[PDB]
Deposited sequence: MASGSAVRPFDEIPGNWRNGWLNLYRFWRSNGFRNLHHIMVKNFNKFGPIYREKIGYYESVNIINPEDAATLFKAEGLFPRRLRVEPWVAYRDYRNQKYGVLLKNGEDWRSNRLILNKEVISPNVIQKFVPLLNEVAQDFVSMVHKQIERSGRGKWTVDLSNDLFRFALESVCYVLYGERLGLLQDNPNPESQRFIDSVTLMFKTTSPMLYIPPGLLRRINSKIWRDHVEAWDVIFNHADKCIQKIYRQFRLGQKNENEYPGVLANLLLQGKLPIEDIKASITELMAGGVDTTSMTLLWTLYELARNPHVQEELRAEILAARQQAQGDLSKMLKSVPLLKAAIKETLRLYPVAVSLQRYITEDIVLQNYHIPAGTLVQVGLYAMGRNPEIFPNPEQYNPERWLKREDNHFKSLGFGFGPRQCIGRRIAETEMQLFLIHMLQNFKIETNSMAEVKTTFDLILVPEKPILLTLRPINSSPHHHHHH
């Protein structure tokens, strides 16, 4: 076992690395920086940038050793701006922000109503409804444009789908974002949500307290956005308590069981919504882009989906269990375009990775973006081939939703929502890339295309 002060990397120039990070770009190419640090220092490197320091690994085997020492209450990197808001408004921490036994106490209660197979089946009809209204929207636009084609950047529309779907199952109501003229309350709500994400980006590395001290508009807009979101939750709590005197949605059932305080219920319902809007819509954007750029894969998925429709006789539950290549396509999209460039875990016990001593408490990150594009771990990584996941075994290769007790609590909701989306979309339309020109990726909260993706939709 080699000492901890011998791990390769640049940790010996933490202040020079901070200057190199902010002098130009930097906060836009964190995923590209991760690739080179692995291609220069090997399967493990130790990084220090200012007061930030971490050990990074890329091999799935190493990720297994890491997830075995996360402890009973695993802890990742915190969302500085999001926590700052709860402290400023004296709001409770949700399941995403909590730690220690407080997180586990809440996580176990939330799991029953968010990720258990019992409630997943109660969501399929709700999600399918939203997915049916999305296909209706596309048909209208194809009518307007004429010639049976609609070339458009779907970024905004997918964001609406993700937000409409998530809020349907969380609050039990349709915001109506997919209409041509949504009501003002829902338009201001989606604008607040959008503004909430736009202001969180500059405060990922810029201390929120500093922006608050100078009364920056970035901090004030962040507070105004979260205010609208938390108010909307109260509106749904008030309407539910009035209906009191079925009950669809996570919010209603949590208020009926009453196992968590309403304050802790308000906090978790809000962080659940924020965790599945940008993530789901972006993953769908990359999926549609890769399908249009790999039309052969699109036909294969369309073939399997159509077959599943007949062999199920309308039964959605049966149909969702008959689309293996569709679930593999989701994995293949999250391999090339992970919503999180890395998973983080604070070590609770001394471990050894690549014959190196890793002291307890050290922050260790699993570079998802570097793993997905390494030819060693994935042969032909740059090819979008969903078959590489079918009848192959992995687990520690498909870490898109994390792993362990503190994995993504919405994975099944997202997987269902994206499967139902692709099912309805591929049954109705063919997606074609306007031009096979290359689209580069950039970092900003998640992996987003540097420039809008123009896709063409034709009825089929």
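Undergrad: Report the unmodelled segments of the deposited sequence as residue ranges counted from 1.
TA: According to the deposited record, C-alpha coordinates are absent for 1-6, 252-258, 407, 475-484, which together make up the missing parts.
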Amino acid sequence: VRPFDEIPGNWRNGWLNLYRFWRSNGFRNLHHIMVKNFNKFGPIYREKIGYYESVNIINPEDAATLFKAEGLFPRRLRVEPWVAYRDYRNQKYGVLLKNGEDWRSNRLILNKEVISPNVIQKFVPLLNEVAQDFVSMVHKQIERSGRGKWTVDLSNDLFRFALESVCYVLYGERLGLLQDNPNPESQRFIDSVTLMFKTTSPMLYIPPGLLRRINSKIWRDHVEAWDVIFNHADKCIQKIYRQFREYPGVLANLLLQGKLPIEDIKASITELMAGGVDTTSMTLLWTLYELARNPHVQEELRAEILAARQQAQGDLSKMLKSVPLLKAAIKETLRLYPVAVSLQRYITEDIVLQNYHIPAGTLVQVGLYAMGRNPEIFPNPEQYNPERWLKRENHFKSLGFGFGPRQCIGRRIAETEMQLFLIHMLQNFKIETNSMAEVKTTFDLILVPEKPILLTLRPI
From here on, numbers count along this sequence of modelled residues.
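Undergrad: Looking at the entry, does 219-227 or 345-353 show the higher mean C-alpha B-factor?
TA: If you average the C-alpha B-factors of 219-227 and of 345-353, the larger mean comes out for 345-353.
Undergrad: Take the C-alpha B-factors listed in the entry for 314-322 and for 149-157, compute each mean, and give the stretch with the larger one.
TA: Higher mean C-alpha B-factor in the PDB entry: 314-322.
Undergrad: Could you check 163, 95, 237, 203 and tell me which one carries the biggest Cα B-factor in the deposited entry?
TA: Answer for 163, 95, 237, 203: 237, with the highest C-alpha B-factor.
Undergrad: For the listed residues 168, 244, 289, 134, which one has the largest C-alpha B-factor as given in the deposited model?
TA: Highest C-alpha B-factor among the listed residues goes to 244.
Undergrad: Sorting the chain's modelled residues by C-alpha B-factor, tell me whether residue 54 ends up in the lowest, middle or highest third.
TA: Its C-alpha B-factor belongs to the middle third of this chain's values.
Undergrad: Looking at the entry's B-factor column for C-alpha atoms only, identify whether residue 22 ranks in the lowest, middle or highest third of its chain.
TA: Answer is lowest: the recorded C-alpha B-factor places it there.
Undergrad: Sort the modelled residues of this chain by their C-alpha B factor and say whether residue 369 lands in the lowest, middle or highest third.
TA: Its C-alpha B-factor, which the entry lists for residue 369, ranks in the lowest third among residues of this chain.
Undergrad: Among the modelled residues of its chain, does the C-alpha B-factor of residue 105 lie in the lowest, middle or highest third?
TA: Middle third, going by the recorded CA B-factors of the chain.
Undergrad: So where's residue 250 on the chain's Cα temperature factor ranking, which third?
TA: Tercile = middle for this residue's CA B-factor.
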